[PDB]
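**Q** So I've got this file, query38.txt, and it contains compact mmCIF, N, CA and C atoms:
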```txt
# COMPACT_ATOMS: atom_id res chain seq x y z
N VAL A 734 -11.10 14.24 6.64
CA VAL A 734 -11.05 13.74 5.28
C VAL A 734 -9.88 14.41 4.58
N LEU A 735 -9.01 13.62 3.95
CA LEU A 735 -7.75 14.14 3.45
C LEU A 735 -7.41 13.40 2.16
N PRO A 736 -6.67 14.01 1.24
CA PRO A 736 -6.28 13.30 0.02
C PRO A 736 -5.33 12.16 0.32
N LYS A 737 -5.38 11.13 -0.53
CA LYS A 737 -4.53 9.97 -0.33
C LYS A 737 -3.06 10.30 -0.53
N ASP A 738 -2.76 11.18 -1.47
CA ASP A 738 -1.38 11.52 -1.77
C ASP A 738 -0.74 12.41 -0.71
N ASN A 739 -1.47 12.81 0.31
CA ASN A 739 -0.91 13.48 1.47
C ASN A 739 -0.60 12.53 2.61
N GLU A 740 -0.82 11.22 2.44
CA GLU A 740 -0.57 10.30 3.55
C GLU A 740 0.90 10.15 3.90
N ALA A 741 1.81 10.67 3.08
CA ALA A 741 3.20 10.73 3.47
C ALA A 741 3.42 11.73 4.59
N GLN A 742 2.65 12.81 4.60
CA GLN A 742 2.89 13.87 5.57
C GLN A 742 2.16 13.66 6.89
N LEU A 743 1.67 12.46 7.18
CA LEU A 743 1.13 12.19 8.50
C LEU A 743 2.19 11.81 9.52
N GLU A 744 3.47 12.00 9.21
CA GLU A 744 4.51 11.49 10.09
C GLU A 744 5.27 12.58 10.82
N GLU A 745 5.11 13.84 10.44
CA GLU A 745 5.64 14.94 11.23
C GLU A 745 4.64 15.45 12.24
N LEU A 746 3.65 14.65 12.56
CA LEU A 746 2.58 14.92 13.48
C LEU A 746 2.86 14.23 14.80
N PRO A 747 2.59 14.89 15.93
CA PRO A 747 2.85 14.27 17.24
C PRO A 747 1.99 13.04 17.46
N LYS A 748 2.52 12.13 18.27
CA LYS A 748 2.01 10.77 18.28
C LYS A 748 0.66 10.68 18.97
N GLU A 749 0.50 11.35 20.11
CA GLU A 749 -0.75 11.29 20.85
C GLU A 749 -1.89 12.02 20.16
N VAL A 750 -1.56 12.93 19.24
CA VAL A 750 -2.57 13.52 18.37
C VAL A 750 -3.10 12.47 17.41
N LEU A 751 -2.20 11.65 16.88
CA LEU A 751 -2.51 10.80 15.75
C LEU A 751 -3.40 9.62 16.12
N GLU A 752 -3.41 9.18 17.38
CA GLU A 752 -4.44 8.21 17.75
C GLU A 752 -5.71 8.88 18.22
N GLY A 753 -5.73 10.20 18.34
CA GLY A 753 -6.97 10.89 18.62
C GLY A 753 -7.78 11.04 17.35
N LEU A 754 -7.13 11.50 16.29
CA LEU A 754 -7.77 11.70 15.01
C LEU A 754 -8.02 10.37 14.32
N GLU A 755 -8.93 10.39 13.34
CA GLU A 755 -9.09 9.27 12.41
C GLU A 755 -9.20 9.84 11.00
N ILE A 756 -8.25 9.46 10.16
CA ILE A 756 -8.13 10.03 8.84
C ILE A 756 -8.87 9.13 7.86
N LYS A 757 -9.63 9.73 6.95
CA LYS A 757 -10.15 9.02 5.80
C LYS A 757 -9.47 9.57 4.56
N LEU A 758 -8.74 8.71 3.86
CA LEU A 758 -7.95 9.11 2.71
C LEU A 758 -8.76 8.86 1.45
N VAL A 759 -8.89 9.90 0.62
CA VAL A 759 -9.75 9.85 -0.55
C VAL A 759 -8.96 10.22 -1.79
N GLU A 760 -9.54 9.91 -2.94
CA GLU A 760 -8.99 10.30 -4.22
C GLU A 760 -10.05 10.71 -5.23
N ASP A 761 -11.32 10.77 -4.83
CA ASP A 761 -12.43 11.09 -5.71
C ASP A 761 -13.45 11.88 -4.91
N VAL A 762 -14.25 12.68 -5.60
CA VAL A 762 -15.18 13.54 -4.88
C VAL A 762 -16.41 12.74 -4.47
N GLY A 763 -16.74 11.69 -5.21
CA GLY A 763 -17.96 10.95 -4.93
C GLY A 763 -17.95 10.22 -3.61
N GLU A 764 -16.78 9.73 -3.20
CA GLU A 764 -16.69 9.09 -1.90
C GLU A 764 -16.74 10.11 -0.76
N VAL A 765 -16.25 11.32 -0.99
CA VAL A 765 -16.39 12.40 -0.01
C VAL A 765 -17.85 12.78 0.17
N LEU A 766 -18.56 12.99 -0.94
CA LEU A 766 -19.97 13.35 -0.85
C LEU A 766 -20.82 12.21 -0.34
N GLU A 767 -20.37 10.97 -0.50
CA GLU A 767 -21.05 9.85 0.14
C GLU A 767 -20.82 9.87 1.64
N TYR A 768 -19.61 10.21 2.06
CA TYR A 768 -19.27 10.15 3.47
C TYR A 768 -19.88 11.29 4.27
N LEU A 769 -20.07 12.46 3.67
CA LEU A 769 -20.42 13.65 4.43
C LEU A 769 -21.88 14.05 4.41
N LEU A 770 -22.65 13.67 3.41
CA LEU A 770 -24.04 14.09 3.34
C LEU A 770 -24.95 13.06 3.97
N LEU A 771 -25.90 13.53 4.77
CA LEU A 771 -26.93 12.64 5.31
C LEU A 771 -27.83 12.15 4.18
N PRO A 772 -28.29 10.90 4.23
CA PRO A 772 -28.98 10.32 3.08
C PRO A 772 -30.41 10.77 2.89
N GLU A 773 -30.93 11.70 3.69
CA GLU A 773 -32.34 12.02 3.55
C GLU A 773 -32.54 13.52 3.38
N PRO A 774 -33.33 13.94 2.39
CA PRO A 774 -33.67 15.36 2.27
C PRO A 774 -34.66 15.77 3.33
N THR A 775 -34.47 16.97 3.87
CA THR A 775 -35.37 17.53 4.87
C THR A 775 -36.06 18.79 4.39
N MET A 776 -35.31 19.80 3.97
CA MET A 776 -35.91 21.04 3.50
C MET A 776 -36.48 20.85 2.10
N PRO A 777 -37.54 21.59 1.75
CA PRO A 777 -38.09 21.50 0.39
C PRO A 777 -37.14 22.11 -0.63
N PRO A 778 -37.20 21.68 -1.89
CA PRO A 778 -36.22 22.14 -2.87
C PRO A 778 -36.45 23.58 -3.30
N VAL A 779 -35.39 24.17 -3.84
CA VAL A 779 -35.43 25.55 -4.31
C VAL A 779 -36.26 25.67 -5.59
N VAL A 780 -36.32 24.60 -6.38
CA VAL A 780 -36.99 24.50 -7.70
C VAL A 780 -36.44 25.51 -8.72
N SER B 514 33.18 12.85 4.82
CA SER B 514 32.41 12.66 6.05
C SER B 514 32.89 11.45 6.85
N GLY B 515 34.18 11.14 6.80
CA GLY B 515 34.74 10.16 7.71
C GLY B 515 34.54 8.70 7.37
N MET B 516 33.41 8.36 6.75
CA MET B 516 33.13 6.98 6.39
C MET B 516 34.05 6.55 5.26
N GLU B 517 34.30 5.26 5.16
CA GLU B 517 35.36 4.83 4.27
C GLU B 517 35.08 3.57 3.47
N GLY B 518 33.87 3.05 3.48
CA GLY B 518 33.67 1.73 2.93
C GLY B 518 32.96 0.89 3.96
N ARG B 519 32.31 1.57 4.89
CA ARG B 519 31.34 0.96 5.78
C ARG B 519 29.92 1.21 5.32
N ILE B 520 29.73 2.11 4.35
CA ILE B 520 28.42 2.49 3.85
C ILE B 520 28.51 2.65 2.33
N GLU B 521 27.44 2.29 1.63
CA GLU B 521 27.43 2.30 0.18
C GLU B 521 26.01 2.45 -0.33
N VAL B 522 25.81 3.34 -1.29
CA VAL B 522 24.50 3.49 -1.90
C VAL B 522 24.43 2.65 -3.17
N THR B 523 23.22 2.34 -3.58
CA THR B 523 22.96 1.74 -4.88
C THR B 523 22.40 2.80 -5.82
N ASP B 524 22.41 2.48 -7.11
CA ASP B 524 22.01 3.44 -8.13
C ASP B 524 20.52 3.77 -8.08
N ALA B 525 19.70 2.80 -7.67
CA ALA B 525 18.27 3.03 -7.53
C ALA B 525 17.99 4.06 -6.46
N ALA B 526 18.76 4.02 -5.37
CA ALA B 526 18.66 5.04 -4.33
C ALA B 526 19.06 6.41 -4.84
N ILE B 527 20.06 6.47 -5.72
CA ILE B 527 20.50 7.73 -6.30
C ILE B 527 19.39 8.34 -7.14
N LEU B 528 18.77 7.52 -7.99
CA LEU B 528 17.69 8.01 -8.83
C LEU B 528 16.47 8.40 -8.01
N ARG B 529 16.21 7.70 -6.91
CA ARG B 529 15.11 8.08 -6.03
C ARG B 529 15.36 9.43 -5.38
N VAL B 530 16.59 9.67 -4.91
CA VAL B 530 16.92 10.95 -4.27
C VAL B 530 16.81 12.10 -5.26
N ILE B 531 17.27 11.88 -6.50
CA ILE B 531 17.17 12.92 -7.52
C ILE B 531 15.71 13.21 -7.85
N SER B 532 14.90 12.17 -8.01
CA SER B 532 13.53 12.40 -8.44
C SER B 532 12.64 12.93 -7.33
N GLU B 533 12.95 12.63 -6.07
CA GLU B 533 12.01 12.91 -4.99
C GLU B 533 12.50 13.91 -3.95
N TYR B 534 13.74 14.39 -4.04
CA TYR B 534 14.22 15.34 -3.05
C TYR B 534 14.91 16.54 -3.69
N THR B 535 14.87 16.64 -5.01
CA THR B 535 15.75 17.53 -5.75
C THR B 535 15.00 18.07 -6.95
N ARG B 536 14.75 19.38 -6.98
CA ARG B 536 14.17 20.02 -8.16
C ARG B 536 14.94 21.30 -8.47
N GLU B 537 15.99 21.18 -9.28
CA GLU B 537 16.67 22.34 -9.82
C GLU B 537 17.32 21.95 -11.14
N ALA B 538 17.87 22.96 -11.82
CA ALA B 538 18.62 22.69 -13.03
C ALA B 538 20.01 22.16 -12.71
N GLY B 539 20.66 22.72 -11.70
CA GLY B 539 22.02 22.36 -11.35
C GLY B 539 22.14 21.06 -10.58
N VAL B 540 23.12 20.97 -9.68
CA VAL B 540 23.38 19.70 -9.01
C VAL B 540 23.58 19.91 -7.51
N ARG B 541 23.36 21.14 -7.03
CA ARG B 541 23.65 21.50 -5.64
C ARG B 541 22.80 20.75 -4.62
N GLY B 542 21.50 20.59 -4.92
CA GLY B 542 20.62 19.93 -3.97
C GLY B 542 20.94 18.47 -3.79
N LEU B 543 21.34 17.80 -4.87
CA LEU B 543 21.76 16.40 -4.78
C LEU B 543 23.01 16.25 -3.94
N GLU B 544 23.92 17.22 -4.03
CA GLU B 544 25.11 17.23 -3.20
C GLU B 544 24.76 17.36 -1.73
N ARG B 545 23.81 18.24 -1.40
CA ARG B 545 23.38 18.38 -0.01
C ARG B 545 22.70 17.11 0.51
N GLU B 546 21.90 16.45 -0.34
CA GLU B 546 21.19 15.25 0.11
C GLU B 546 22.15 14.08 0.34
N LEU B 547 23.14 13.93 -0.53
CA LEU B 547 24.14 12.89 -0.31
C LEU B 547 24.97 13.17 0.93
N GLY B 548 25.25 14.45 1.21
CA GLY B 548 25.89 14.81 2.46
C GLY B 548 25.07 14.43 3.68
N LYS B 549 23.75 14.63 3.60
CA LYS B 549 22.87 14.26 4.72
C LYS B 549 22.86 12.75 4.95
N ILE B 550 22.84 11.97 3.86
CA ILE B 550 22.84 10.51 4.00
C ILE B 550 24.14 10.03 4.64
N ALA B 551 25.27 10.60 4.23
CA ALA B 551 26.55 10.21 4.81
C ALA B 551 26.66 10.61 6.28
N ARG B 552 26.12 11.77 6.64
CA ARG B 552 26.21 12.19 8.04
C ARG B 552 25.29 11.38 8.95
N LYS B 553 24.10 11.00 8.47
CA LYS B 553 23.27 10.11 9.28
C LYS B 553 23.90 8.73 9.39
N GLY B 554 24.60 8.29 8.34
CA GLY B 554 25.37 7.06 8.44
C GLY B 554 26.46 7.14 9.49
N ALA B 555 27.08 8.31 9.64
CA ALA B 555 28.10 8.46 10.68
C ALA B 555 27.50 8.41 12.08
N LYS B 556 26.32 9.01 12.26
CA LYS B 556 25.65 8.91 13.56
C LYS B 556 25.24 7.47 13.86
N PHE B 557 24.77 6.73 12.86
CA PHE B 557 24.46 5.31 13.07
C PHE B 557 25.71 4.49 13.34
N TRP B 558 26.86 4.89 12.81
CA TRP B 558 28.10 4.23 13.17
C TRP B 558 28.46 4.49 14.62
N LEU B 559 28.25 5.71 15.09
CA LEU B 559 28.57 6.00 16.47
C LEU B 559 27.53 5.47 17.45
N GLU B 560 26.34 5.07 16.99
CA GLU B 560 25.44 4.37 17.90
C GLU B 560 25.80 2.89 17.99
N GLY B 561 25.71 2.18 16.88
CA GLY B 561 26.08 0.78 16.86
C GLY B 561 26.97 0.44 15.68
N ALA B 562 28.21 0.06 15.95
CA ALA B 562 29.16 -0.21 14.88
C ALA B 562 28.91 -1.59 14.29
N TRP B 563 28.61 -1.63 12.99
CA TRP B 563 28.40 -2.89 12.30
C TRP B 563 29.72 -3.35 11.69
N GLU B 564 29.66 -4.40 10.89
CA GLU B 564 30.85 -5.03 10.34
C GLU B 564 30.84 -4.98 8.83
N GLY B 565 31.99 -4.63 8.25
CA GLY B 565 32.16 -4.65 6.81
C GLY B 565 31.52 -3.47 6.11
N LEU B 566 30.65 -3.76 5.15
CA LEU B 566 30.02 -2.75 4.32
C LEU B 566 28.51 -2.86 4.43
N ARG B 567 27.83 -1.72 4.47
CA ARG B 567 26.38 -1.65 4.50
C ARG B 567 25.89 -1.00 3.22
N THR B 568 24.98 -1.69 2.53
CA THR B 568 24.47 -1.26 1.23
C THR B 568 23.07 -0.71 1.41
N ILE B 569 22.93 0.61 1.30
CA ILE B 569 21.63 1.25 1.41
C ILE B 569 20.84 0.99 0.13
N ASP B 570 19.69 0.35 0.28
CA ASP B 570 18.82 0.08 -0.86
C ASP B 570 17.96 1.31 -1.15
N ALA B 571 17.00 1.17 -2.06
CA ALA B 571 16.10 2.28 -2.34
C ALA B 571 14.95 2.38 -1.35
N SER B 572 14.78 1.40 -0.46
CA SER B 572 13.68 1.44 0.49
C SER B 572 13.99 2.32 1.69
N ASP B 573 15.26 2.39 2.09
CA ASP B 573 15.65 3.07 3.31
C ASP B 573 15.83 4.57 3.14
N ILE B 574 15.50 5.12 1.97
CA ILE B 574 15.71 6.55 1.74
C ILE B 574 14.84 7.44 2.62
N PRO B 575 13.57 7.12 2.94
CA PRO B 575 12.91 7.90 4.00
C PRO B 575 13.52 7.70 5.37
N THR B 576 14.17 6.57 5.63
CA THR B 576 14.80 6.39 6.93
C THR B 576 16.05 7.23 7.08
N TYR B 577 16.63 7.69 5.97
CA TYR B 577 17.83 8.52 6.02
C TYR B 577 17.57 9.98 5.70
N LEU B 578 16.55 10.30 4.92
CA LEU B 578 16.28 11.69 4.56
C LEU B 578 14.97 12.22 5.09
N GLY B 579 13.98 11.37 5.31
CA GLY B 579 12.72 11.84 5.85
C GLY B 579 11.57 11.75 4.86
N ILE B 580 10.60 12.64 5.00
CA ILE B 580 9.42 12.62 4.14
C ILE B 580 9.82 13.11 2.75
N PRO B 581 9.41 12.42 1.69
CA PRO B 581 9.68 12.91 0.32
C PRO B 581 9.05 14.27 0.08
N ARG B 582 9.83 15.15 -0.52
CA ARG B 582 9.48 16.56 -0.63
C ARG B 582 8.78 16.90 -1.93
N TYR B 583 9.05 16.16 -3.00
CA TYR B 583 8.45 16.43 -4.30
C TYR B 583 7.82 15.16 -4.83
N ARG B 584 6.90 15.33 -5.76
CA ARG B 584 6.22 14.19 -6.34
C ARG B 584 6.52 14.10 -7.83
N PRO B 585 6.85 12.91 -8.33
CA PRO B 585 7.14 12.77 -9.76
C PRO B 585 5.88 12.84 -10.59
N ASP B 586 6.05 13.22 -11.85
CA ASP B 586 4.96 13.19 -12.81
C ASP B 586 4.63 11.76 -13.20
N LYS B 587 3.36 11.53 -13.51
CA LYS B 587 2.90 10.21 -13.90
C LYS B 587 2.05 10.33 -15.15
```
Have the structure of the file written as structure tokens, please.
**A**
Amino acid sequence: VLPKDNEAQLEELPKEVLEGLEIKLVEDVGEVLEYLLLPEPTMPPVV
Amino acid sequence: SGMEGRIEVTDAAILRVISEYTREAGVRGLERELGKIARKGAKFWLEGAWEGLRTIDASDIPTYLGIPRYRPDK
């Protein structure tokens, strides 16, 4: 997960690396927290 | 740099190079960047010689200088 405004700097990267990785370009925190957290609570809350 | 009217920049390219590759008070960095564009033009002349004059637009500036180094304010 990487900022969108860094997508210019994906070009000094070696080529066979770049089809190994998969980049998700973001500009807001809410889409990051949507992408990374599992949708179900497991542990009980701290209260 | 040897070229004589086989290569030519436009003003939009000049403003792009100043805004995106150059952050100083003086003018030294712009001089170095224009030198780099002319020297890459000379290497492209020695690879394949074209005819007449070539006009570098504002789109080809990453093709001649590389990744933009600074970001403008918005």
**Q** Between atom CA of residue 581 of chain B and atom CA of residue 744 of chain A, measure the distance and give it in Å to one decimal.
**A**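 Interatomic distance here is 11.1 Å.
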**Q** Rounded to one decimal in Å, what is the spacing between atom CA of residue 566 of chain B and atom CA of residue 535 of chain B?
**A**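 Separation between atom CA of residue 566 of chain B and atom CA of residue 535 of chain B: 26.8 Å.
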**Q** To one decimal place in Å, what is the distance between atom N of residue 537 of chain B and atom N of residue 514 of chain B?
**A**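 Atom N of residue 514 of chain B lies 23.7 Å from atom N of residue 537 of chain B.
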**Q** Which chain B residues are at most 12 Å from chain A (counting only C-alpha atoms), as a short mmCIF file (atom, residue, chain, number, x, y, z; two decimals) with N, CA and C atoms, in the coordinates of the input?
**A**
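Resulting contents of selection-v9.cif:
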```cif
data_model
loop_
_atom_site.label_atom_id
_atom_site.label_comp_id
_atom_site.auth_asym_id
_atom_site.auth_seq_id
_atom_site.Cartn_x
_atom_site.Cartn_y
_atom_site.Cartn_z
N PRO B 575 13.57 7.12 2.94
CA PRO B 575 12.91 7.90 4.00
C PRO B 575 13.52 7.70 5.37
N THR B 576 14.17 6.57 5.63
CA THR B 576 14.80 6.39 6.93
C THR B 576 16.05 7.23 7.08
N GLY B 579 13.98 11.37 5.31
CA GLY B 579 12.72 11.84 5.85
C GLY B 579 11.57 11.75 4.86
N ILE B 580 10.60 12.64 5.00
CA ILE B 580 9.42 12.62 4.14
C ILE B 580 9.82 13.11 2.75
N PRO B 581 9.41 12.42 1.69
CA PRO B 581 9.68 12.91 0.32
C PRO B 581 9.05 14.27 0.08
N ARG B 582 9.83 15.15 -0.52
CA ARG B 582 9.48 16.56 -0.63
C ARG B 582 8.78 16.90 -1.93
N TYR B 583 9.05 16.16 -3.00
CA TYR B 583 8.45 16.43 -4.30
C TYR B 583 7.82 15.16 -4.83
N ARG B 584 6.90 15.33 -5.76
CA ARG B 584 6.22 14.19 -6.34
C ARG B 584 6.52 14.10 -7.83
N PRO B 585 6.85 12.91 -8.33
CA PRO B 585 7.14 12.77 -9.76
C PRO B 585 5.88 12.84 -10.59
#
```
**Q** Using backbone DSSP assignments, extract all helix (DSSP H, G or I) residues from chain A; output them as a ChimeraX atom specification.
**A** /A:737-743,748-751,762-769
**Q** Take every atom of segment 538-546 of chain B listed in the file, pad by 4 Å on each side, and give me the axis-aligned box centre and edge lengths in Å, one decimal, as lines of an AutoDock Vina configuration file.
**A**
```
center_x = 21.5
center_y = 18.5
center_z = -6.3
size_x = 15.2
size_y = 16.9
size_z = 21.5
```
**Q** List as a PyMOL selection string the protein and nucleic acid residues near residue 526 of chain B, meaning an atom at most 8 Å away when all atoms listed in the file are counted, but skip any in the same chain fewer than 6 places from it.
**A** chain B and resi 532+569-574
**Q** Using the atoms already present, construct N, CA, C and O atoms for segment 545-565 of chain B and hand them back as a PDB file, keeping the file's coordinate frame.
**A**
```
ATOM      1  N   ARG B 545      23.810  18.240  -1.400  1.00  0.00           N
ATOM      2  CA  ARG B 545      23.380  18.380  -0.010  1.00  0.00           C
ATOM      3  C   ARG B 545      22.700  17.110   0.510  1.00  0.00           C
ATOM      4  O   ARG B 545      22.915  16.715   1.661  1.00  0.00           O
ATOM      5  N   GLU B 546      21.900  16.450  -0.340  1.00  0.00           N
ATOM      6  CA  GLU B 546      21.190  15.250   0.110  1.00  0.00           C
ATOM      7  C   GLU B 546      22.150  14.080   0.340  1.00  0.00           C
ATOM      8  O   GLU B 546      21.988  13.327   1.311  1.00  0.00           O
ATOM      9  N   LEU B 547      23.140  13.930  -0.530  1.00  0.00           N
ATOM     10  CA  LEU B 547      24.140  12.890  -0.310  1.00  0.00           C
ATOM     11  C   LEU B 547      24.970  13.170   0.930  1.00  0.00           C
ATOM     12  O   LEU B 547      25.323  12.232   1.671  1.00  0.00           O
ATOM     13  N   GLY B 548      25.250  14.450   1.210  1.00  0.00           N
ATOM     14  CA  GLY B 548      25.890  14.810   2.460  1.00  0.00           C
ATOM     15  C   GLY B 548      25.070  14.430   3.680  1.00  0.00           C
ATOM     16  O   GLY B 548      25.605  13.937   4.675  1.00  0.00           O
ATOM     17  N   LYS B 549      23.750  14.630   3.600  1.00  0.00           N
ATOM     18  CA  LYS B 549      22.870  14.260   4.720  1.00  0.00           C
ATOM     19  C   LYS B 549      22.860  12.750   4.950  1.00  0.00           C
ATOM     20  O   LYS B 549      22.851  12.293   6.100  1.00  0.00           O
ATOM     21  N   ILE B 550      22.840  11.970   3.860  1.00  0.00           N
ATOM     22  CA  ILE B 550      22.840  10.510   4.000  1.00  0.00           C
ATOM     23  C   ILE B 550      24.140  10.030   4.640  1.00  0.00           C
ATOM     24  O   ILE B 550      24.123   9.178   5.540  1.00  0.00           O
ATOM     25  N   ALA B 551      25.270  10.600   4.230  1.00  0.00           N
ATOM     26  CA  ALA B 551      26.550  10.210   4.810  1.00  0.00           C
ATOM     27  C   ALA B 551      26.660  10.610   6.280  1.00  0.00           C
ATOM     28  O   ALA B 551      27.204   9.849   7.094  1.00  0.00           O
ATOM     29  N   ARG B 552      26.120  11.770   6.640  1.00  0.00           N
ATOM     30  CA  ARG B 552      26.210  12.190   8.040  1.00  0.00           C
ATOM     31  C   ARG B 552      25.290  11.380   8.950  1.00  0.00           C
ATOM     32  O   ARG B 552      25.677  11.073  10.095  1.00  0.00           O
ATOM     33  N   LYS B 553      24.100  11.000   8.470  1.00  0.00           N
ATOM     34  CA  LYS B 553      23.270  10.110   9.280  1.00  0.00           C
ATOM     35  C   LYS B 553      23.900   8.730   9.390  1.00  0.00           C
ATOM     36  O   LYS B 553      23.782   8.063  10.429  1.00  0.00           O
ATOM     37  N   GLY B 554      24.600   8.290   8.340  1.00  0.00           N
ATOM     38  CA  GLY B 554      25.370   7.060   8.440  1.00  0.00           C
ATOM     39  C   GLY B 554      26.460   7.140   9.490  1.00  0.00           C
ATOM     40  O   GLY B 554      26.725   6.157  10.186  1.00  0.00           O
ATOM     41  N   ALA B 555      27.080   8.310   9.640  1.00  0.00           N
ATOM     42  CA  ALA B 555      28.100   8.460  10.680  1.00  0.00           C
ATOM     43  C   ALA B 555      27.500   8.410  12.080  1.00  0.00           C
ATOM     44  O   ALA B 555      28.092   7.830  12.995  1.00  0.00           O
ATOM     45  N   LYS B 556      26.320   9.010  12.260  1.00  0.00           N
ATOM     46  CA  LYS B 556      25.650   8.910  13.560  1.00  0.00           C
ATOM     47  C   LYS B 556      25.240   7.470  13.860  1.00  0.00           C
ATOM     48  O   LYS B 556      25.381   7.010  15.006  1.00  0.00           O
ATOM     49  N   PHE B 557      24.770   6.730  12.860  1.00  0.00           N
ATOM     50  CA  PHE B 557      24.460   5.310  13.070  1.00  0.00           C
ATOM     51  C   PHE B 557      25.710   4.490  13.340  1.00  0.00           C
ATOM     52  O   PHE B 557      25.622   3.461  14.029  1.00  0.00           O
ATOM     53  N   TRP B 558      26.860   4.890  12.810  1.00  0.00           N
ATOM     54  CA  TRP B 558      28.100   4.230  13.170  1.00  0.00           C
ATOM     55  C   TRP B 558      28.460   4.490  14.620  1.00  0.00           C
ATOM     56  O   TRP B 558      28.928   3.588  15.328  1.00  0.00           O
ATOM     57  N   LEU B 559      28.250   5.710  15.090  1.00  0.00           N
ATOM     58  CA  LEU B 559      28.570   6.000  16.470  1.00  0.00           C
ATOM     59  C   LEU B 559      27.530   5.470  17.450  1.00  0.00           C
ATOM     60  O   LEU B 559      27.822   5.400  18.651  1.00  0.00           O
ATOM     61  N   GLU B 560      26.340   5.070  16.990  1.00  0.00           N
ATOM     62  CA  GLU B 560      25.440   4.370  17.900  1.00  0.00           C
ATOM     63  C   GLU B 560      25.800   2.890  17.990  1.00  0.00           C
ATOM     64  O   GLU B 560      26.156   2.394  19.064  1.00  0.00           O
ATOM     65  N   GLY B 561      25.710   2.180  16.880  1.00  0.00           N
ATOM     66  CA  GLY B 561      26.080   0.780  16.860  1.00  0.00           C
ATOM     67  C   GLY B 561      26.970   0.440  15.680  1.00  0.00           C
ATOM     68  O   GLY B 561      26.529   0.523  14.527  1.00  0.00           O
ATOM     69  N   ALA B 562      28.210   0.060  15.950  1.00  0.00           N
ATOM     70  CA  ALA B 562      29.160  -0.210  14.880  1.00  0.00           C
ATOM     71  C   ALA B 562      28.910  -1.590  14.290  1.00  0.00           C
ATOM     72  O   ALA B 562      28.975  -2.600  14.994  1.00  0.00           O
ATOM     73  N   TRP B 563      28.610  -1.630  12.990  1.00  0.00           N
ATOM     74  CA  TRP B 563      28.400  -2.890  12.300  1.00  0.00           C
ATOM     75  C   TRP B 563      29.720  -3.350  11.690  1.00  0.00           C
ATOM     76  O   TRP B 563      30.784  -2.776  11.940  1.00  0.00           O
ATOM     77  N   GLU B 564      29.660  -4.400  10.890  1.00  0.00           N
ATOM     78  CA  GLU B 564      30.850  -5.030  10.340  1.00  0.00           C
ATOM     79  C   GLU B 564      30.840  -4.980   8.830  1.00  0.00           C
ATOM     80  O   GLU B 564      29.819  -5.251   8.195  1.00  0.00           O
ATOM     81  N   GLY B 565      31.990  -4.630   8.250  1.00  0.00           N
ATOM     82  CA  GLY B 565      32.160  -4.650   6.810  1.00  0.00           C
ATOM     83  C   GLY B 565      31.520  -3.470   6.110  1.00  0.00           C
ATOM     84  O   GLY B 565      31.798  -2.312   6.440  1.00  0.00           O
TER      85      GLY B 565
END
```
